[PDB]
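Some notes on the structure that comes next.
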There are 2 protein chains.
Amino acid sequence: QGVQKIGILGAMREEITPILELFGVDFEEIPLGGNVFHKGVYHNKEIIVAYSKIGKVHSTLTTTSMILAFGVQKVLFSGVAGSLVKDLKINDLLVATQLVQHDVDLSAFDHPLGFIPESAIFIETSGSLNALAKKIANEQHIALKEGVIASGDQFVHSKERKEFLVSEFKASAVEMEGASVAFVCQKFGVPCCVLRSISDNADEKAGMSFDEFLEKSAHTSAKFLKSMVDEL
Amino acid sequence: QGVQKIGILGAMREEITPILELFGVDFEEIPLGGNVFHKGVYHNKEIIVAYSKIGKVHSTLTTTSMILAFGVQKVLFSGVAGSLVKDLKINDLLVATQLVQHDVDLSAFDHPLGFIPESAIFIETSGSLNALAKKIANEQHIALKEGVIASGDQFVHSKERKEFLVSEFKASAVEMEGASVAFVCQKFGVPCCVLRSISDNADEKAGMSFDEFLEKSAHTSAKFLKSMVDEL
Ligand SMILES: C#CCCCSC[C@H]1CN(Cc2c[nH]c3c(N)ncnc23)C[C@@H]1O
Ligand SMILES: C#CCCCSC[C@H]1CN(Cc2c[nH]c3c(N)ncnc23)C[C@@H]1O
C-alpha cells in the first residue's frame with residue numbers, strides 16, 4: 001500500500017506538452033536512456049510522464065525504462081493516429097482493444113503477417129482500464145470508439161497501405177508506437193491503455209493533415225487521459 | 001572496481017545454446033519481462049546471457065532489461081545473418097561497424113529512409129570492441145569482415161529487397177535485431193559489439209538455407225564471441 005505509480009507516455013514532445021500543462025503540478029526532470037522523465041505528485045498518485053520519440057524501438061525502450069527504473073504499476077498512452085475507417089474523423093478518440101505490429105513479415109516461413117514465434121499477432125490491452133474509459137466517455141457524452149490499432153515503423157500515406165491494414169488486421173487506426181508499448185506492458189504484467197485522437201486519414205494528404213491537427217488532437221487525447229487518471 | 005558485468009545476447013534460443021555450452025559454467029536462470037537471463041561467473045567477470053526472441057521490439061526490450069536490471073557494462077551480440085554481398089559466404093563472420101533500421105520510412109515528411117527525428121540513420125558500435133575483434137581474428141587467422149548491417153522486422157528473401165539494402169544503405173548483411181540492440185546501448189552509453197555469421201543469402205532460397213545452417217553458423221559466431229570475452 002504505497003502511493004500508486006502511473007506511467008504516462010506519448011511518442012512526440014507535442015503529445016506530452018498538453019499532459020504536463022493539464023496536470024498543472026511541479027515535475028522533477030530525470031534523464032535516463034536518452035529520455036527525460038517528468039516525475040510529479042497528483043492526488044495520491046505519483047505520475048511519471050515522458051515522450052519516447054517516434055517509432056517502435058524508441059517506444060519499446062521508454063516503456064521498459066518506465067517499468068524497470070520508475071516502478072510504474074500502470075501505463076497510459078496518449079497521442080495521435082491516422083484513421084483507417086470512415087466513422088473515425090479528425091479529432092475523434094479511440095481506445096485500442098488490441099494492437100498489431102503491421103510491418104512484421106515472417107511469411108517466408110509460412111507465418112501470418114504480424115506474427116513472431118513466441119508471441120502473437122494481436123496484443124491485448126487492459127480490460128479494466130478500457131472499461132473505465134468507456135464509463136467516463138458515456139458519463140461525459142464523448143464519443144469514444146474502440147478497435148484494433150496497427151503500429152509500424154512507417155508513416156502511412158497511401159490508399160493501398162490503408163486498405164491492407166483493414167483487410168489483413170481489421171484495424172481502425174494506424175500509428176507507430178501503440179503495439180510496442182502494449183507489448184512491453186504485457187511482458188511485464190503491467191496494465192496498459194492506449195488512447196489516440198485522429199490527426200489525419202493516413203492517405204496521400206496525411207502529412208499536411210498531421211501538421212495541421214497534431215496540437216488539437218494531442219490535446220483532445222491528453223484531456224481524456226487526465227479524466228482517466230482522475231478516477232484511478 | 002567491482003566485477004565486470006558483460007551482457008551476451010542472441011535473438012533465438014539456437015543462437016545462445018552454443019554460448020551456454022562453450023562457457024561451460026553454472027548459470028542461475030532468472031525470469032524477467034518474458035525473458036530468461038542466465039547469470040554466471042567466468043574468470044573475473046559476471047556474464048548475463050539471454051535470447052531476446054525475434055525482431056526489433058523483442059531485442060530492444062531485452063537489451064534495456066540487461067542494462068537496467070542486470071547492470072551490464074558491455075553488450076556483445078552473437079547470431080546469424082543473411083549475406084547481401086558476394087564475398088560474404090555461408091559461415092563467414094562479420095562485425096557490424098554501423099547499423100540501420102532498414103524498414104523505417106518517414107519519407108512523407110522528406111526524411112531519408114532509415115531516419116527518425118532525434119536519432120540518426122546509422123548507429124555506431126564500439127570502436128574499441130571492434131578493434132579487439134579484428135586483433136583476435138588476425139591472430140587466429142580467421143577471416144572477419146566488417147561492414148554495415150541492416151535490421152528490420154521482415155525476413156528478407158528476395159533479390160529486389162537485397163538490392164535495395166545495398167543501394168540505400170551500403171549494407172553487407174541483414175538481420176532483425178542488431179540495430180535495435182546497438183541503438184539501446186548507444187542511448188545508455190554502453191559499449192556494444194554485434195557479431196554475425198552468415199546463414200543464407202537473403203534470396204528466394206533463404207528460408208531453406210537458414211534452416212540448414214542456423215546451428216553451424218550460430219556456433220561459429222558463439223565461438224568467436226567467447227574468444228572476445230576471454231580478452232576482456
Ligand atoms: C516530427 C515529425 C515528422 C514525423 C512524424 S511521424 C508521425 C508520428 C505521429 N504518430 C501517429 C500517426 C498519426 N498519423 C499517422 C499515419 N498516417 N501513419 C503512422 N502514424 C501516424 C506516429 C509518429 O509518432
Ligand atoms: C523460428 C523461426 C523462423 C523465423 C526465423 S526469422 C530469422 C531469424 C534469424 N535472424 C537473422 C537472419 C538470418 N537470415 C536472415 C534474412 N534473410 N533476413 C532477415 N534476418 C535474417 C533474424 C531472426 O532472428
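Residues in the C-alpha cells are numbered from 1 in each chain, the chains being A, B, ... in the order shown, and ligands are numbered from 1 in the order shown.
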
Grab me every residue within 9 Å of ligand 2, counting only C-alpha atoms and all ligand atoms, and send it over as a count of residues only. 54

Residue neighbourhood residue B:232, 12 Å, only C-alpha atoms, exclusion window fewer than 5 positions, as a short mmCIF file (atom, residue, chain, number, x, y, z; two decimals) with N, CA and C atoms, in the first residue's frame:
data_model
loop_
_atom_site.label_atom_id
_atom_site.label_comp_id
_atom_site.auth_asym_id
_atom_site.auth_seq_id
_atom_site.Cartn_x
_atom_site.Cartn_y
_atom_site.Cartn_z
N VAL B 3 33.34 -6.48 -10.03
CA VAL B 3 33.50 -7.45 -11.11
C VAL B 3 32.80 -6.87 -12.34
N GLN B 4 33.44 -7.05 -13.48
CA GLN B 4 32.92 -6.60 -14.77
C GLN B 4 31.65 -7.40 -15.06
N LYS B 5 30.57 -6.74 -15.47
CA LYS B 5 29.32 -7.40 -15.85
C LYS B 5 29.16 -7.28 -17.36
N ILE B 6 29.10 -8.41 -18.04
CA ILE B 6 29.03 -8.44 -19.51
C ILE B 6 27.71 -9.08 -19.91
N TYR B 42 32.55 -16.15 -14.96
CA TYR B 42 33.54 -16.67 -15.90
C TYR B 42 34.79 -15.80 -15.77
N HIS B 43 35.89 -16.42 -15.34
CA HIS B 43 37.10 -15.71 -14.95
C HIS B 43 36.71 -14.63 -13.93
N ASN B 44 37.14 -13.38 -14.06
CA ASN B 44 36.73 -12.36 -13.05
C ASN B 44 35.52 -11.55 -13.52
N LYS B 45 34.65 -12.16 -14.32
CA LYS B 45 33.55 -11.45 -14.96
C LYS B 45 32.23 -12.13 -14.68
N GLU B 46 31.21 -11.33 -14.45
CA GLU B 46 29.85 -11.81 -14.38
C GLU B 46 29.29 -11.74 -15.79
N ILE B 47 28.81 -12.87 -16.31
CA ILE B 47 28.21 -12.94 -17.64
C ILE B 47 26.71 -13.20 -17.52
N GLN B 73 27.83 -3.64 -18.25
CA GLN B 73 28.71 -2.55 -18.62
C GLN B 73 29.10 -2.61 -20.10
N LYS B 74 28.95 -3.79 -20.71
CA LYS B 74 29.14 -4.00 -22.16
C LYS B 74 28.12 -5.00 -22.65
N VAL B 75 27.75 -4.92 -23.93
CA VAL B 75 26.83 -5.89 -24.53
C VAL B 75 27.48 -6.44 -25.80
N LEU B 76 27.59 -7.76 -25.87
CA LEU B 76 28.08 -8.45 -27.05
C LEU B 76 26.94 -9.27 -27.63
N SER B 128 36.51 0.38 -29.76
CA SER B 128 37.46 -0.41 -29.01
C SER B 128 37.16 -1.91 -29.06
N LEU B 129 35.88 -2.28 -28.98
CA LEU B 129 35.49 -3.69 -29.11
C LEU B 129 35.68 -4.19 -30.54
N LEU B 132 39.28 -4.89 -30.96
CA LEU B 132 39.62 -6.14 -30.30
C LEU B 132 39.25 -7.33 -31.18
N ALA B 133 38.04 -7.31 -31.75
CA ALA B 133 37.62 -8.38 -32.65
C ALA B 133 38.60 -8.57 -33.82
N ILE B 136 42.01 -10.13 -32.61
CA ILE B 136 41.87 -11.57 -32.35
C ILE B 136 41.75 -12.34 -33.66
N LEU B 225 32.67 -15.00 -30.20
CA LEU B 225 32.27 -14.16 -29.08
C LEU B 225 33.00 -14.61 -27.82
N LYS B 226 33.07 -15.92 -27.58
CA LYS B 226 33.80 -16.41 -26.41
C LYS B 226 35.27 -15.96 -26.44
N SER B 227 35.89 -16.01 -27.62
CA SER B 227 37.29 -15.59 -27.73
C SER B 227 37.46 -14.11 -27.37
#

What gap, in Å, lies between atom CA of residue A:57 and atom CA of residue A:184?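 Spanning atom CA of residue A:57 to atom CA of residue A:184 is a straight-line distance of 11.1 Å.
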
I'd like the superposed chain B, fitted onto chain A by least squares over all Cα atoms in order, as an mmCIF file with C-alpha atoms, in the first residue's frame.
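Result file result.cif:
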data_model
loop_
_atom_site.group_PDB
_atom_site.id
_atom_site.type_symbol
_atom_site.label_atom_id
_atom_site.label_comp_id
_atom_site.auth_asym_id
_atom_site.auth_seq_id
_atom_site.Cartn_x
_atom_site.Cartn_y
_atom_site.Cartn_z
ATOM 1 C CA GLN B 1 0.000 0.000 0.000
ATOM 2 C CA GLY B 2 2.472 2.583 -1.298
ATOM 3 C CA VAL B 3 1.461 5.512 -3.478
ATOM 4 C CA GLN B 4 0.230 4.344 -6.890
ATOM 5 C CA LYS B 5 2.852 4.978 -9.622
ATOM 6 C CA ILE B 6 1.333 5.702 -13.044
ATOM 7 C CA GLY B 7 3.348 5.949 -16.254
ATOM 8 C CA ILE B 8 2.026 8.371 -18.856
ATOM 9 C CA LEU B 9 3.534 8.148 -22.356
ATOM 10 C CA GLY B 10 3.387 9.955 -25.670
ATOM 11 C CA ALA B 11 5.624 9.450 -28.737
ATOM 12 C CA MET B 12 6.323 13.115 -29.542
ATOM 13 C CA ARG B 13 7.024 16.150 -27.351
ATOM 14 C CA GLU B 14 3.826 17.671 -28.764
ATOM 15 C CA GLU B 15 1.801 14.748 -27.337
ATOM 16 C CA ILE B 16 3.033 15.326 -23.754
ATOM 17 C CA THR B 17 3.005 19.181 -23.734
ATOM 18 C CA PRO B 18 -0.762 19.249 -23.016
ATOM 19 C CA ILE B 19 -0.417 16.444 -20.486
ATOM 20 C CA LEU B 20 2.148 18.391 -18.434
ATOM 21 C CA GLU B 21 0.020 21.568 -18.727
ATOM 22 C CA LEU B 22 -3.259 19.896 -17.731
ATOM 23 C CA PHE B 23 -1.922 18.133 -14.618
ATOM 24 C CA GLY B 24 -0.568 21.521 -13.520
ATOM 25 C CA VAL B 25 1.833 20.177 -10.886
ATOM 26 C CA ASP B 26 5.563 20.616 -10.403
ATOM 27 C CA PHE B 27 7.664 17.970 -12.147
ATOM 28 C CA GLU B 28 11.252 16.889 -11.466
ATOM 29 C CA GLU B 29 13.058 16.147 -14.761
ATOM 30 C CA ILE B 30 15.098 12.954 -14.664
ATOM 31 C CA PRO B 31 17.269 11.932 -17.638
ATOM 32 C CA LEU B 32 17.732 8.220 -18.420
ATOM 33 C CA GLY B 33 18.464 6.258 -21.604
ATOM 34 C CA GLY B 34 18.007 9.246 -23.903
ATOM 35 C CA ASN B 35 14.609 10.187 -22.456
ATOM 36 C CA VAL B 36 13.536 12.816 -19.935
ATOM 37 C CA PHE B 37 11.073 11.566 -17.301
ATOM 38 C CA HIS B 38 8.835 14.141 -15.600
ATOM 39 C CA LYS B 39 8.053 12.944 -12.069
ATOM 40 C CA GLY B 40 5.244 14.598 -10.093
ATOM 41 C CA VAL B 41 2.574 14.007 -7.451
ATOM 42 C CA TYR B 42 -1.073 14.301 -8.407
ATOM 43 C CA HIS B 43 -3.720 13.497 -5.791
ATOM 44 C CA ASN B 44 -2.407 10.310 -4.031
ATOM 45 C CA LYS B 45 -0.518 9.170 -7.153
ATOM 46 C CA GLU B 46 3.000 9.506 -8.448
ATOM 47 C CA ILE B 47 2.848 10.324 -12.178
ATOM 48 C CA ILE B 48 5.848 9.754 -14.459
ATOM 49 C CA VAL B 49 5.423 11.443 -17.847
ATOM 50 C CA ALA B 50 7.658 11.092 -20.925
ATOM 51 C CA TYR B 51 7.698 11.165 -24.703
ATOM 52 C CA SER B 52 9.527 8.192 -26.184
ATOM 53 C CA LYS B 53 10.480 9.656 -29.569
ATOM 54 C CA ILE B 54 8.936 8.210 -32.726
ATOM 55 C CA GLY B 55 8.529 4.546 -33.619
ATOM 56 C CA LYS B 56 8.716 1.042 -32.289
ATOM 57 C CA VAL B 57 12.284 0.862 -30.936
ATOM 58 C CA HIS B 58 12.021 4.261 -29.171
ATOM 59 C CA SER B 59 8.680 3.400 -27.569
ATOM 60 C CA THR B 60 9.777 -0.102 -26.518
ATOM 61 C CA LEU B 61 12.873 1.348 -24.795
ATOM 62 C CA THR B 62 10.972 4.095 -22.957
ATOM 63 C CA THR B 63 8.185 1.779 -21.763
ATOM 64 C CA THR B 64 10.779 -0.684 -20.454
ATOM 65 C CA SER B 65 12.575 2.174 -18.612
ATOM 66 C CA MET B 66 9.297 3.360 -17.065
ATOM 67 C CA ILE B 67 8.606 -0.122 -15.688
ATOM 68 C CA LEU B 68 12.119 -1.091 -14.522
ATOM 69 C CA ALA B 69 13.598 2.246 -13.443
ATOM 70 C CA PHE B 70 10.468 4.084 -12.220
ATOM 71 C CA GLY B 71 8.381 1.141 -10.957
ATOM 72 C CA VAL B 72 5.149 2.135 -12.666
ATOM 73 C CA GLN B 73 2.166 -0.104 -11.929
ATOM 74 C CA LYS B 74 0.055 1.062 -14.937
ATOM 75 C CA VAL B 75 0.902 2.693 -18.273
ATOM 76 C CA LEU B 76 -1.460 5.065 -20.088
ATOM 77 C CA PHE B 77 -0.504 6.126 -23.616
ATOM 78 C CA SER B 78 -1.865 9.335 -25.171
ATOM 79 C CA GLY B 79 -1.287 10.665 -28.675
ATOM 80 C CA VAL B 80 -2.494 10.992 -32.235
ATOM 81 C CA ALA B 81 -3.210 8.492 -35.022
ATOM 82 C CA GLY B 82 -4.248 8.084 -38.639
ATOM 83 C CA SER B 83 -7.832 6.932 -39.290
ATOM 84 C CA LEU B 84 -8.466 3.859 -41.434
ATOM 85 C CA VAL B 85 -12.287 3.914 -41.261
ATOM 86 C CA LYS B 86 -14.918 6.429 -42.442
ATOM 87 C CA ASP B 87 -16.530 6.748 -38.993
ATOM 88 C CA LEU B 88 -13.276 7.878 -37.306
ATOM 89 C CA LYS B 89 -12.974 11.585 -38.151
ATOM 90 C CA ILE B 90 -10.282 14.149 -37.326
ATOM 91 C CA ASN B 91 -10.220 14.737 -33.535
ATOM 92 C CA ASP B 92 -12.205 11.566 -32.720
ATOM 93 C CA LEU B 93 -10.987 9.433 -29.833
ATOM 94 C CA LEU B 94 -10.311 5.715 -29.957
ATOM 95 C CA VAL B 95 -9.182 3.279 -27.299
ATOM 96 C CA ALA B 96 -7.196 0.290 -28.616
ATOM 97 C CA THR B 97 -8.620 -3.064 -27.631
ATOM 98 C CA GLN B 98 -5.922 -4.989 -29.450
ATOM 99 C CA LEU B 99 -2.823 -3.881 -31.306
ATOM 100 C CA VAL B 100 -0.648 -5.410 -34.021
ATOM 101 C CA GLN B 101 2.789 -4.769 -35.486
ATOM 102 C CA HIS B 102 1.594 -4.427 -39.059
ATOM 103 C CA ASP B 103 5.056 -4.424 -40.657
ATOM 104 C CA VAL B 104 6.240 -7.757 -39.244
ATOM 105 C CA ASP B 105 6.753 -10.285 -42.070
ATOM 106 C CA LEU B 106 7.908 -13.857 -41.472
ATOM 107 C CA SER B 107 5.831 -15.156 -44.397
ATOM 108 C CA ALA B 108 8.970 -16.895 -45.760
ATOM 109 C CA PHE B 109 8.292 -19.491 -43.036
ATOM 110 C CA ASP B 110 4.518 -19.543 -43.660
ATOM 111 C CA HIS B 111 3.748 -17.401 -40.616
ATOM 112 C CA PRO B 112 0.816 -14.993 -40.925
ATOM 113 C CA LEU B 113 1.730 -11.336 -41.270
ATOM 114 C CA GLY B 114 2.185 -9.684 -37.842
ATOM 115 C CA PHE B 115 3.232 -12.932 -36.141
ATOM 116 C CA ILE B 116 6.533 -13.674 -34.422
ATOM 117 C CA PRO B 117 7.316 -17.018 -32.784
ATOM 118 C CA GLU B 118 6.870 -16.960 -29.003
ATOM 119 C CA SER B 119 4.443 -14.055 -29.404
ATOM 120 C CA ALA B 120 1.074 -13.387 -31.095
ATOM 121 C CA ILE B 121 -0.344 -11.263 -33.880
ATOM 122 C CA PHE B 122 -2.634 -9.302 -31.533
ATOM 123 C CA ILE B 123 -1.573 -7.795 -28.214
ATOM 124 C CA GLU B 124 -4.341 -7.100 -25.675
ATOM 125 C CA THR B 125 -4.674 -4.015 -23.502
ATOM 126 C CA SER B 126 -6.248 -3.819 -20.042
ATOM 127 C CA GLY B 127 -9.959 -4.706 -19.949
ATOM 128 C CA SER B 128 -10.453 -2.911 -16.629
ATOM 129 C CA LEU B 129 -8.840 0.306 -17.933
ATOM 130 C CA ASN B 130 -10.716 0.098 -21.249
ATOM 131 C CA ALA B 131 -13.980 -0.345 -19.236
ATOM 132 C CA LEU B 132 -13.084 2.742 -17.200
ATOM 133 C CA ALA B 133 -12.511 4.732 -20.397
ATOM 134 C CA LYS B 134 -15.912 3.695 -21.769
ATOM 135 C CA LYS B 135 -17.677 4.514 -18.478
ATOM 136 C CA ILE B 136 -16.159 8.030 -18.358
ATOM 137 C CA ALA B 137 -16.882 8.681 -22.042
ATOM 138 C CA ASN B 138 -20.538 7.716 -21.543
ATOM 139 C CA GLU B 139 -20.877 9.985 -18.472
ATOM 140 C CA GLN B 140 -19.196 12.906 -20.312
ATOM 141 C CA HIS B 141 -21.175 12.341 -23.549
ATOM 142 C CA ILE B 142 -17.949 11.917 -25.518
ATOM 143 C CA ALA B 143 -17.907 9.601 -28.495
ATOM 144 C CA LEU B 144 -15.179 7.075 -27.776
ATOM 145 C CA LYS B 145 -14.657 4.351 -30.313
ATOM 146 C CA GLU B 146 -12.840 1.134 -29.631
ATOM 147 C CA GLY B 147 -10.983 -1.100 -32.034
ATOM 148 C CA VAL B 148 -7.759 -2.528 -33.352
ATOM 149 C CA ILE B 149 -4.747 -0.231 -33.801
ATOM 150 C CA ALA B 150 -1.965 -1.158 -36.212
ATOM 151 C CA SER B 151 1.581 0.046 -35.421
ATOM 152 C CA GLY B 152 4.628 0.030 -37.699
ATOM 153 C CA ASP B 153 7.792 1.990 -38.454
ATOM 154 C CA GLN B 154 6.297 3.765 -41.478
ATOM 155 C CA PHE B 155 4.124 6.879 -41.692
ATOM 156 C CA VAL B 156 1.151 5.597 -43.728
ATOM 157 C CA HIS B 157 0.071 7.911 -46.540
ATOM 158 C CA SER B 158 -1.493 5.756 -49.230
ATOM 159 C CA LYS B 159 -4.856 4.251 -50.095
ATOM 160 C CA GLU B 160 -3.104 0.942 -50.864
ATOM 161 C CA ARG B 161 -1.455 0.587 -47.442
ATOM 162 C CA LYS B 162 -4.649 1.678 -45.605
ATOM 163 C CA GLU B 163 -6.648 -0.998 -47.353
ATOM 164 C CA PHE B 164 -4.064 -3.649 -46.459
ATOM 165 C CA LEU B 165 -4.275 -2.714 -42.764
ATOM 166 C CA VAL B 166 -8.075 -3.043 -42.857
ATOM 167 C CA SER B 167 -8.083 -6.298 -44.884
ATOM 168 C CA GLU B 168 -5.252 -8.021 -43.024
ATOM 169 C CA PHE B 169 -5.821 -6.861 -39.442
ATOM 170 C CA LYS B 170 -9.298 -5.280 -39.310
ATOM 171 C CA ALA B 171 -7.508 -2.201 -37.949
ATOM 172 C CA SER B 172 -9.362 1.092 -37.265
ATOM 173 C CA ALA B 173 -6.366 3.392 -36.858
ATOM 174 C CA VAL B 174 -2.629 3.429 -37.542
ATOM 175 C CA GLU B 175 0.326 4.759 -35.604
ATOM 176 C CA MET B 176 3.957 3.873 -34.816
ATOM 177 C CA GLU B 177 4.135 3.035 -31.068
ATOM 178 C CA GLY B 178 0.976 1.562 -29.548
ATOM 179 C CA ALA B 179 1.715 -2.074 -30.230
ATOM 180 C CA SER B 180 5.243 -1.848 -28.845
ATOM 181 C CA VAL B 181 4.061 -0.039 -25.657
ATOM 182 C CA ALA B 182 1.267 -2.577 -25.145
ATOM 183 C CA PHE B 183 3.663 -5.454 -25.870
ATOM 184 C CA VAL B 184 6.183 -4.363 -23.238
ATOM 185 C CA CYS B 185 3.402 -3.914 -20.670
ATOM 186 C CA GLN B 186 2.064 -7.416 -21.432
ATOM 187 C CA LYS B 187 5.554 -8.914 -20.967
ATOM 188 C CA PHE B 188 5.936 -7.306 -17.505
ATOM 189 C CA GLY B 189 2.292 -7.888 -16.448
ATOM 190 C CA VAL B 190 1.584 -4.140 -16.265
ATOM 191 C CA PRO B 191 -1.932 -2.892 -17.176
ATOM 192 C CA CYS B 192 -1.880 -0.722 -20.306
ATOM 193 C CA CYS B 193 -4.401 1.573 -22.003
ATOM 194 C CA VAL B 194 -3.697 3.127 -25.426
ATOM 195 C CA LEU B 195 -5.671 6.278 -26.318
ATOM 196 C CA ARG B 196 -5.392 8.060 -29.659
ATOM 197 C CA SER B 197 -7.077 11.053 -31.270
ATOM 198 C CA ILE B 198 -7.267 11.186 -35.061
ATOM 199 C CA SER B 199 -4.889 13.652 -36.786
ATOM 200 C CA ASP B 200 -5.244 12.534 -40.416
ATOM 201 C CA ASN B 201 -6.695 9.900 -42.737
ATOM 202 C CA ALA B 202 -3.451 8.007 -43.496
ATOM 203 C CA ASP B 203 -3.827 8.885 -47.206
ATOM 204 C CA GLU B 204 -1.874 10.990 -49.716
ATOM 205 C CA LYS B 205 -2.742 14.218 -47.772
ATOM 206 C CA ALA B 206 -1.864 12.754 -44.354
ATOM 207 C CA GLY B 207 1.382 14.676 -43.837
ATOM 208 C CA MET B 208 -0.352 18.022 -44.290
ATOM 209 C CA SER B 209 -3.320 16.992 -42.139
ATOM 210 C CA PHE B 210 -0.994 15.738 -39.413
ATOM 211 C CA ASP B 211 0.929 19.037 -39.322
ATOM 212 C CA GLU B 212 -2.361 20.964 -39.113
ATOM 213 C CA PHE B 213 -4.053 18.875 -36.405
ATOM 214 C CA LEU B 214 -1.269 17.472 -34.205
ATOM 215 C CA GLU B 215 -1.767 20.143 -31.486
ATOM 216 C CA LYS B 216 -5.556 19.936 -31.276
ATOM 217 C CA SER B 217 -5.693 16.128 -31.494
ATOM 218 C CA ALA B 218 -2.879 15.733 -28.916
ATOM 219 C CA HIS B 219 -4.843 17.987 -26.554
ATOM 220 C CA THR B 220 -8.066 16.009 -27.051
ATOM 221 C CA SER B 221 -6.271 12.783 -26.159
ATOM 222 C CA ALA B 222 -4.442 14.380 -23.214
ATOM 223 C CA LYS B 223 -7.664 15.788 -21.725
ATOM 224 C CA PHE B 224 -9.287 12.357 -21.850
ATOM 225 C CA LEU B 225 -6.229 10.678 -20.320
ATOM 226 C CA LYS B 226 -6.335 13.171 -17.443
ATOM 227 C CA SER B 227 -10.008 12.321 -16.855
ATOM 228 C CA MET B 228 -8.990 8.637 -16.531
ATOM 229 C CA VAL B 229 -6.185 9.419 -14.081
ATOM 230 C CA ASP B 230 -8.755 11.379 -12.006
ATOM 231 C CA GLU B 231 -10.634 8.066 -11.434
ATOM 232 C CA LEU B 232 -7.626 5.841 -10.645
#

I need the residues of stretch 47-213 of chain B that end up classed as strand (DSSP E) by DSSP on the backbone, written out as an MDAnalysis selection string. chainID B and resid 47:51 74:83 93:101 123:124 144:151 171:175 192:200
